[PDB]
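Participant: Input: one structure, supplied below.
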Protein chains: 20
Amino acid sequence: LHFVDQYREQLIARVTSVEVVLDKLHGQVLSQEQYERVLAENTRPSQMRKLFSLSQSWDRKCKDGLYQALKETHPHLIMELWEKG
Amino acid sequence: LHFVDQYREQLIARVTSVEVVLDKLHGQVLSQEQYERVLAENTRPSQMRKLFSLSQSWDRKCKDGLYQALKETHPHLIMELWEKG
Amino acid sequence: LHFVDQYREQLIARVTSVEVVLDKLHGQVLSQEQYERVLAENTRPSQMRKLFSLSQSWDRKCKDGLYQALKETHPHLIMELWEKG
Amino acid sequence: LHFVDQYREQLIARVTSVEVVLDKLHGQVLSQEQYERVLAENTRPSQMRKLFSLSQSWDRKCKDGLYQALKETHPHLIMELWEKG
Amino acid sequence: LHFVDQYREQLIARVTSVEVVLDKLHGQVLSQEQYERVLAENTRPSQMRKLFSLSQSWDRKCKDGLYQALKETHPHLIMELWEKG
Amino acid sequence: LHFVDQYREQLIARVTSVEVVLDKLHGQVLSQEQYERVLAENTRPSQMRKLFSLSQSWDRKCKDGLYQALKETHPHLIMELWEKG
Amino acid sequence: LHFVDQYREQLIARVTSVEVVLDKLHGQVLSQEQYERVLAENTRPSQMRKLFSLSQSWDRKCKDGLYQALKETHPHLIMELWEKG
Amino acid sequence: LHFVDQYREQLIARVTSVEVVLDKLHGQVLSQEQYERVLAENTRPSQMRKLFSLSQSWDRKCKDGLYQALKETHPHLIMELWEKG
Amino acid sequence: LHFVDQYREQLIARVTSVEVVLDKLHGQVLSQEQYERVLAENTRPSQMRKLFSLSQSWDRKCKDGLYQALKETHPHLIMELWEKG
Amino acid sequence: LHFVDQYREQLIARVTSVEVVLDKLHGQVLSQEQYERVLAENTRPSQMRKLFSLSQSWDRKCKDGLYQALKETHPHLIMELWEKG
Amino acid sequence: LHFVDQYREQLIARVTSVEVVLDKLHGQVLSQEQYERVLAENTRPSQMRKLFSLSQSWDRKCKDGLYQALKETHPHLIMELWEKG
Amino acid sequence: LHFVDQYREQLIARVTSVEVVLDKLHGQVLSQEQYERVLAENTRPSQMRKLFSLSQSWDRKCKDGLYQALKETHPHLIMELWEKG
Amino acid sequence: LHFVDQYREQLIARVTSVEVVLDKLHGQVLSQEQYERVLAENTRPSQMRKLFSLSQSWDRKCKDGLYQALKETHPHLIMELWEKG
Amino acid sequence: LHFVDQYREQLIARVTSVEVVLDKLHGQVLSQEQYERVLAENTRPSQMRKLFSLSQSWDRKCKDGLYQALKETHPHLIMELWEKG
Amino acid sequence: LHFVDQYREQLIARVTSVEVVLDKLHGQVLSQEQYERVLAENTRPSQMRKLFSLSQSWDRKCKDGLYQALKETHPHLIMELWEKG
Amino acid sequence: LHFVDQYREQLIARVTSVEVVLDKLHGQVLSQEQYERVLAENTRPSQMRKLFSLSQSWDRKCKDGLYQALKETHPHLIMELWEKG
Amino acid sequence: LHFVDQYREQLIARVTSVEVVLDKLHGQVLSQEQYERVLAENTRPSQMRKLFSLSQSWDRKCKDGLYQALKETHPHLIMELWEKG
Amino acid sequence: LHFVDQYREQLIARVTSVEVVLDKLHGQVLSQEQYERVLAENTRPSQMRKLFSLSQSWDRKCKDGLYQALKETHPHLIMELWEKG
Amino acid sequence: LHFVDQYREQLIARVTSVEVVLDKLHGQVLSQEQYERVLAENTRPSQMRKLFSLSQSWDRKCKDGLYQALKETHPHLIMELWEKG
Amino acid sequence: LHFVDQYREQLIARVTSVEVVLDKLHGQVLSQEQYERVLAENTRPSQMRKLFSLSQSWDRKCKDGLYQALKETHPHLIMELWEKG
């Protein structure tokens with residue numbers, strides 16, 4: 001199990017600034033079409049859910065990329081998750 | 001339950017000088033992008049509401065930071081809330 | 001039949017300041033996700049409609065909570081509805 | 001039909017000193033949040049338009065209140081409207 | 001074919017002050033809900049497009065009303081369209 | 001033959017503000033589940049088509065209810081249909 | 001008989017925020033494919049119905065998991081069901 | 001068209017002693033708040049511009065009042081404008 | 001209801017020497033930033049209005065402070081208000 | 001209407017020895033700060049105008065005080081005004 | 001083979017401002033219902049894909065119309081495609 | 001291409017006294033509402049940008065009017081632009 | 001890879017004066033509708049993001065145009081990016 | 001971290017003579033448009049905040065320039081900040 | 001708290017010979033521009049208020065300098081303040 | 001770069017007799033409205049700053065005119081600037 | 001069958017303002033002599049009856065004209081008739 | 001059933017200020033003799049009872065009049081009754 | 001219907017100073033003989049009644065003249081009538 | 001078909017100021033001899049008829065010239081014709 005898959009629900013619920021993470025991911029991991037498609041969702045939890053629906057293909061490296069993106073944007077949330085573990 | 005979550009509605013309604021609290025929070029707790037995004041709202045209640053929409057990620061420590069910021073700016077409001085409790 | 005269900009259409013049409021009622025309801029009755037989801041709608045009638053789509057689960061107590069929220073925000077509208085009854 | 005609804009466009013276009021009418025209305029008819037929200041608009045016609053968007057809830061009594069506020073501030077405009085009728 | 005349907009694209013592109021036309025139309029032709037819904041769009045072309053999406057129901061009389069509203073607000077644009085014809 | 005069945009295609013094509021009619025119908029004629037199900041359609045013509053697929057059960061009284069709802073929302077369209085008759 | 005099987009119809013009808021419950025269930029009880037498949041349904045009652053069609057395999061433990069998920073999301077609905085019992 | 005609206009730009013540019021005209025207008029046509037607000041502008045052209053922004057409400061009678069005020073203060077300017085006509 | 005909230009409009013309209021009241025309030029009740037911000041307004045009624053927009057946070061004690069400040073500066077106005085009561 | 005408000009313009013224009021009236025008013029009606037502030041104006045009409053801008057707060061008693069001050073200083077002007085009445 | 005069919009994938013991927021092209025096409029080539037249906041899609045690539053799903057009926061003339069619409073909106077993209085050829 | 005459209009950016013950047021040009025344009029080309037709306041912008045470049053956003057409707061004649069207004073106010077800037085051409 | 005695509009995230013985050021770049025781009029590269037649409041976004045990062053969503057169509061030449069626009073407005077940022085490379 | 005970013009809040013709060021620093025910065029670091037835009041703010045803290053919103057692009061060299069500007073204008077404030085460090 | 005901040009209002013009200021204190025402060029504490037700017041105010045209380053608006057930057061040493069300047073110019077006022085303490 | 005743009009800050013700071021330069025410039029380079037507007041500023045540095053804000057339009061010839069005006073009024077300052085160069 | 005012939009009796013009985021319809025019809029459909037002759041009848045039903053006696057000659061176009069005239073004058077009656085149909 | 005007849009007992013018991021309601025009703029609904037006769041009762045409940053004994057004749061309009069009178073005098077009681085309903 | 005014909009009875013009853021209105025009307029609308037004849041009546045209501053008996057001939061223009069005369073003489077009565085409308 | 005040829009009869013009948021249009025046309029389109037010859041006619045319709053008899057030679061460009069001349073002289077007539085179209 002990964003970190004992102006462990007607290008999948010937690011990330012979906014409590015991640016707020018999703019646009020920044022997407023922009024961090026865009027190009028390196030997220031195709032333009034996938035990026036816009038996930039961006040097209042209305043609510044932030046919905047955006048996260050679509051992101052996670054698009055995470056199936058990703059290898060361990062890409063999950064690491066997303067983790068890097070999240071650690072940068074929301075260090076506190078990441079701390080909360082590690083504490084929960 | 002926290003103090004900020006307890007009187008969420010009260011803070012949203014009756015907090016006025018929001019820019020100062022944001023500047024207090026900026027850097028320590030609020031990213032530049034989140035700070036500007038919350039600042040971009042027109043009305044003060046709207047600014048507070050966006051701030052609270054951005055508060056999901058925050059850990060207990062960050063809620064404490066915000067409490068410190070509010071106690072400094074509006075001691076009287078804080079007193080009113082404690083009395084209500 | 002309730003009061004909110006009686007004049008469902010009337011509330012949807014003629015309620016304007018919906019954000020305040022939501023903030024009153026948030027936490028006590030409305031989950032963060034449901035609150036944001038209903039807030040994500042563009043027009044006020046649309047926001048009300050989503051709110052009413054989310055009202056199915058609510059017990060009599062929660063309908064009472066919403067009634068309290070509306071009576072506080074729009075006493076005049078509430079008076080109009082009672083007169084119609 | 002009311003007087004305010006009859007010449008809705010006329011009031012939106014030709015009412016200038018809107019702040020005074022709002023202050024007259026504030027408390028009695030306009031909540032603090034609604035008052036600030038309508039005040040937050042840039043142009044006077046925009047302020048009027050927001051005011052009219054917030055007028056849906058108002059009962060006949062509140063429309064009368066607004067009429068009183070306008071008759072006091074702009075007697076001449078009121079005369080023009082009656083003549084048009 | 002009408003005038004509004006003839007230069008549908010032209011009106012969508014080159015009409016700027018749309019709020020005034022809406023206020024002219026509101027009540028007589030546009031319901032409060034339709035009026036707000038069309039107003040809820042961000043860009044002026046988008047507002048026009050929504051207006052035209054709402055124009056399907058309108059009879060010849062209502063298209064005439066809209067034409068009157070546009071001729072008043074933008075006489076020059078109307079002249080350009082007639083010249084194009 | 002009814003009025004709604006006569007110009008079934010016309011109503012499906014040229015009715016735009018469908019949400020309002022549904023809200024008018026909801027409770028009195030449309031069950032919550034049927035209401036949401038018809039609302040779940042993407043395009044307005046699709047919403048109308050689903051509404052008409054759900055109209056089979058309706059008695060003359062319910063068709064009258066729908067007619068009332070449409071006459072209120074789109075008087076002009078109703079006029080066009082009567083003229084066509 | 002279980003609680004979920006007792007008020008199967010009630011849960012199908014009156015559960016609204018289904019996405020959250022699914023996210024709570026995903027991983028622990030719901031496979032990714034089953035989760036997406038149930039999510040692919042249009043209406044919330046349809047989503048619930050598919051969820052219940054997928055509940056056949058579940059052991060008592062998994063029904064308990066779902067109950068936990070529902071009690072968290074919709075405490076009021078759960079109360080209504082117990083009262084009905 | 002009026003005289004004041006005809007040479008609106010001319011009056012804005014070439015009227016100098018604006019305070020006297022305001023004092024002539026104050027009470028009869030200009031509310032205390034409007035009077036001070038127009039007086040609060042720095043430059044004379046700015047004062048005139050604000051005055052003209054406040055002239056929308058005025059009826060023909062009030063435009064006549066302003067004309068009287070200007071004819072008294074600046075007979076020469078009035079002569080220049082009539083000659084231009 | 002307070003005294004300041006009772007005659008909110010009256011204070012906004014008829015208070016003139018606002019700078020002195022602010023200086024009386026500065027430090028004890030008004031932060032430096034709030035003080036300057038309210039001072040930055042052009043007209044005295046505007047200054048009062050901003051002051052009242054900043055009065056939301058204030059507790060009963062602070063409203064009393066403002067009352068003290070006003071009673072000192074404008075005893076006559078205070079008398080007029082009490083008589084009105 | 002008062003006497004001072006009736007011939008406001010007349011007093012502003014034709015009162016010359018303003019310092020004496022101020023000294024008569026100082027203490028009883030005019031605060032030291034208001035007195036100096038009105039005195040700080042350059043021209044006599046400007047001094048009068050500032051005095052009248054400061055007259056909003058004054059009760060009937062204070063307007064009477066000012067009238068007494070003017071009757072003493074300029075009996076002839078007072079006679080002219082009564083004749084005009 | 002046509003130009004639009006040649007670079008079907010390219011147009012679907014890299015066309016951005018799709019609304020304008022639709023408005024250009026609406027009436028001449030696209031029925032109101034087809035226009036709205038293609039507009040109802042969320043993402044721009046999805047809108048293009050629906051447009052291409054609706055392009056089966058179109059004759060060479062209509063494909064030419066679409067080409068004209070695209071050449072006007074995105075000359076650069078058209079250049080890229082010709083270069084690829 | 002016009003002159004105003006040619007050096008659109010140049011006019012936006014280097015035009016300073018915008019109020020005068022607006023007053024020149026007001027009535028003949030700019031509606032009262034459009035005039036105030038463009039005036040409501042804070043910075044001069046912003047005012048110009050709004051003016052240019054409102055220039056879409058204008059016919060060649062109105063662009064000529066604006067050119068006349070600019071040539072009068074800023075002959076030097078006009079010379080610079082012609083030299084650039 | 002281009003320069004703009006390389007530091008896409010960096011440009012989105014750290015570009016501030018976006019209006020000027022747009023005005024530089026408008027006409028040559030950005031259509032009026034695209035220009036207004038990107039301008040309609042609230043925050044500067046959002047404006048940049050929309051700009052980048054609209055950059056898909058652009059050929060190498062247009063990316064060069066944007067680079068020119070950015071180098072002119074923010075030479076320092078451009079230097080930072082080259083150093084990062 | 002820089003010095004300006006360290007005490008961002010402190011500089012925003014306690015810097016007073018901002019115009020001089022801007023004039024020092026104008027040309028070398030601040031574009032004319034950015035300079036005017038930051039100058040357009042009402043209050044000094046607001047001016048500083050806008051300045052800091054415009055500081056994102058700036059390289060280390062430009063932050064040094066601003067530091068030089070501040071050290072010259074307010075040596076004492078700079079001393080206070082170093083002591084705090 | 002300092003002495004100057006303690007009796008801020010008292011100093012603003014009752015300090016008269018302000019020019020001398022400024023000249024004492026000029027060079028050592030007050031920049032030429034700040035000195036002239038504070039001198040540019042009309043009334044002495046206004047001059048003091050501007051001085052205090054410029055006192056934010058000052059360190060304890062500079063507040064001491066101002067205290068020295070005041071003790072020299074108005075020993076009696078200083079005595080009154082100490083007695084009040 | 002020009003001479004006036006080179007030492008923009010120096011001219012703003014150290015130019016004192018600004019009225020004379022304006023009178024020299026008035027008519028030839030400065031419109032009456034611009035002249036009064038720049039004159040309306042309180043402090044000399046502020047007057048210079050407004051003058052420089054109005055200098056954007058000026059061609060090389062007008063900058064030369066201003067240079068002539070300054071060389072005549074303040075030869076010594078001009079010498080200091082050349083030495084600095 | 002036509003609409004006027006269908007509800008001939010209904011129109012004869014329940015049409016009241018007949019003069020207006022005649023004036024609408026006069027010239028286009030009704031000769032001067034026929035118009036006066038139908039007008040010469042005493043009672044409104046008699047006028048209608050004579051009108052219908054004069055309707056024999058009328059073609060479908062003229063019956064349409066009369067329908068237009070009636071729809072304009074008595075929309076409600078027209079609605080009643082359509083409902084009866 | 002009416003509102004007054006529904007809570008007849010409640011109104012009889014809990015209405016206190018009866019004289020005011022009578023004065024409101026006198027003339028419009030209550031004859032002088034009936035008014036005095038109901039007033040002649042000793043206790044307030046007795047007065048109400050006599051009022052209700054005199055309410056038999058009243059039409060729906062008069063019951064509405066009484067409701068208006070009560071809503072004005074005792075809004076709180078009216079709220080209690082609606083809640084009971 | 002006109003305004004004078006609407007409240008014919010009201011004008012007859014509540015108009016008092018009738019001679020002034022007649023003098024205003026005499027010459028323009030009222031012949032010398034008609035003027036004296038209406039003046040010959042004893043009571044003011046009788047004078048009004050005769051005036052109204054003489055109003056049959058008057059065209060819309062003359063009814064407007066009378067309205068002007070009444071609005072000037074009795075603005076309050078005119079206000080009462082408009083409110084009644 | 002052209003515009004002038006479409007409403008040939010309308011222009012002949014309803015154009016009044018023909019001399020001005022001729023003067024506009026003279027030189028550019030109308031030879032001196034043709035101009036005088038058309039001018040030699042007595043009545044305005046006759047002048048128009050001769051003008052139209054002389055219009056046979058004119059190319060599309062010259063018909064455009066005449067249209068320009070007419071639009072300038074009689075904008076209202078041109079509007080009437082477009083409406084007729």
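Here, A, B, ... name the chains of the structure tokens in the order displayed, residue numbers run from 1 inside each chain, and ligands are numbered from 1 in the same displayed order.
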With a distance cut-off of 12 Å and only C-alpha atoms, select the neighbouring residues of residue O:20, excluding the residue or stretch itself and same-chain residues fewer than 2 positions from it, and output the selection as a list in words.

Facilitator: residues 15, 16, 17, 18, 22, 23, 24, 25, 26, 35, 39, 44, 66, 69, 70, 71, 72, 73 and 74 of chain O

Participant: Applying 9 Å and only C-alpha atoms, which residues near residue H:38 remain after dropping the ones on its own chain fewer than 4 positions away? List them as a PyMOL selection string.

Facilitator: chain H and resi 22+33-34+46-51+54

Participant: Could you tell me how far atom CA of residue M:45 sits from atom CA of residue M:12, in Å to one decimal place?

Facilitator: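 Atom-to-atom, atom CA of residue M:12 and atom CA of residue M:45 are spaced 5.2 Å apart.
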
Participant: Give me, as a count of residues only, the residues of chain E touching chain T, with the criterion being at most 10 Å (counting only C-alpha atoms).

Facilitator: 6

Participant: Near residue T:61, within 12 Å and counting only C-alpha atoms, which residues show up once chain neighbours fewer than 5 positions away are dropped, as a list in words?

Facilitator: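 The neighbour list is residues 2, 28, 29, 55, 66, 67 and 68 of chain T.
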
Participant: Can you check which residues of stretch 33-65 of chain K DSSP gives as alpha helix (DSSP H) on the backbone and send them as number ranges by chain?

Facilitator: K: 33-39, 44-53, 60-65

Participant: Could you pull the residues within 10 Å of residue A:10, counting only C-alpha atoms, minus those fewer than 2 positions along the same chain, as a ChimeraX atom specification?

Facilitator: /A:4-8,12-15,77,80-81 /B:57 /G:23-24

Participant: The selected residues should be written to file as a PDB file, in the first residue's frame (atoms: N, CA, C and O atoms).

Facilitator:
```pdb
ATOM      1  N   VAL A   4      -0.794   7.575  -0.540  1.00  0.00           N
ATOM      2  CA  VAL A   4      -1.920   8.228  -1.180  1.00  0.00           C
ATOM      3  C   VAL A   4      -3.128   7.292  -1.177  1.00  0.00           C
ATOM      4  O   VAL A   4      -4.265   7.726  -0.998  1.00  0.00           O
ATOM      5  N   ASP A   5      -2.851   5.992  -1.367  1.00  0.00           N
ATOM      6  CA  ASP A   5      -3.900   4.990  -1.339  1.00  0.00           C
ATOM      7  C   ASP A   5      -4.336   4.715   0.094  1.00  0.00           C
ATOM      8  O   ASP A   5      -5.481   4.334   0.317  1.00  0.00           O
ATOM      9  N   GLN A   6      -3.426   4.876   1.054  1.00  0.00           N
ATOM     10  CA  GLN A   6      -3.795   4.637   2.439  1.00  0.00           C
ATOM     11  C   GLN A   6      -4.865   5.631   2.863  1.00  0.00           C
ATOM     12  O   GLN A   6      -5.965   5.237   3.244  1.00  0.00           O
ATOM     13  N   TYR A   7      -4.527   6.917   2.785  1.00  0.00           N
ATOM     14  CA  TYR A   7      -5.466   7.954   3.168  1.00  0.00           C
ATOM     15  C   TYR A   7      -6.079   8.547   1.908  1.00  0.00           C
ATOM     16  O   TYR A   7      -5.975   9.741   1.679  1.00  0.00           O
ATOM     17  N   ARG A   8      -6.699   7.704   1.095  1.00  0.00           N
ATOM     18  CA  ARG A   8      -7.351   8.175  -0.111  1.00  0.00           C
ATOM     19  C   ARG A   8      -8.526   9.061   0.272  1.00  0.00           C
ATOM     20  O   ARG A   8      -8.644  10.172  -0.232  1.00  0.00           O
ATOM     21  N   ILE A  12      -9.100  13.118  -0.291  1.00  0.00           N
ATOM     22  CA  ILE A  12     -10.249  13.572  -1.050  1.00  0.00           C
ATOM     23  C   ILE A  12     -11.022  14.601  -0.238  1.00  0.00           C
ATOM     24  O   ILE A  12     -11.493  15.591  -0.787  1.00  0.00           O
ATOM     25  N   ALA A  13     -11.137  14.369   1.068  1.00  0.00           N
ATOM     26  CA  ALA A  13     -11.977  15.228   1.883  1.00  0.00           C
ATOM     27  C   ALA A  13     -11.276  16.548   2.201  1.00  0.00           C
ATOM     28  O   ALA A  13     -11.883  17.606   2.086  1.00  0.00           O
ATOM     29  N   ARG A  14      -9.999  16.481   2.587  1.00  0.00           N
ATOM     30  CA  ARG A  14      -9.387  17.596   3.300  1.00  0.00           C
ATOM     31  C   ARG A  14      -8.369  18.354   2.457  1.00  0.00           C
ATOM     32  O   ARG A  14      -7.720  19.258   2.970  1.00  0.00           O
ATOM     33  N   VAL A  15      -8.217  17.992   1.183  1.00  0.00           N
ATOM     34  CA  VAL A  15      -7.356  18.768   0.306  1.00  0.00           C
ATOM     35  C   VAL A  15      -8.205  19.870  -0.305  1.00  0.00           C
ATOM     36  O   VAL A  15      -9.285  19.600  -0.821  1.00  0.00           O
ATOM     37  N   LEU A  77      -1.471  18.889   6.460  1.00  0.00           N
ATOM     38  CA  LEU A  77      -2.340  17.757   6.213  1.00  0.00           C
ATOM     39  C   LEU A  77      -1.518  16.476   6.171  1.00  0.00           C
ATOM     40  O   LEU A  77      -1.930  15.453   6.716  1.00  0.00           O
ATOM     41  N   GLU A  80      -0.763  15.362   9.592  1.00  0.00           N
ATOM     42  CA  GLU A  80      -1.915  14.751  10.220  1.00  0.00           C
ATOM     43  C   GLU A  80      -2.023  13.298   9.775  1.00  0.00           C
ATOM     44  O   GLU A  80      -2.215  12.429  10.614  1.00  0.00           O
ATOM     45  N   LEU A  81      -1.826  13.039   8.479  1.00  0.00           N
ATOM     46  CA  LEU A  81      -1.946  11.691   7.950  1.00  0.00           C
ATOM     47  C   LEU A  81      -0.868  10.774   8.516  1.00  0.00           C
ATOM     48  O   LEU A  81      -1.162   9.634   8.868  1.00  0.00           O
TER      49      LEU A  81
ATOM     50  N   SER B  57      -7.670  21.823   5.638  1.00  0.00           N
ATOM     51  CA  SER B  57      -6.363  21.182   5.708  1.00  0.00           C
ATOM     52  C   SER B  57      -5.697  21.418   7.061  1.00  0.00           C
ATOM     53  O   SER B  57      -5.059  20.518   7.610  1.00  0.00           O
TER      54      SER B  57
ATOM     55  N   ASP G  23     -16.699   6.560  -0.864  1.00  0.00           N
ATOM     56  CA  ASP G  23     -15.302   6.840  -0.570  1.00  0.00           C
ATOM     57  C   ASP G  23     -14.914   6.241   0.779  1.00  0.00           C
ATOM     58  O   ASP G  23     -13.784   5.788   0.950  1.00  0.00           O
ATOM     59  N   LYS G  24     -15.854   6.248   1.726  1.00  0.00           N
ATOM     60  CA  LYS G  24     -15.603   5.619   3.013  1.00  0.00           C
ATOM     61  C   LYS G  24     -15.455   4.112   2.839  1.00  0.00           C
ATOM     62  O   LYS G  24     -14.651   3.484   3.523  1.00  0.00           O
TER      63      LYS G  24
END
```
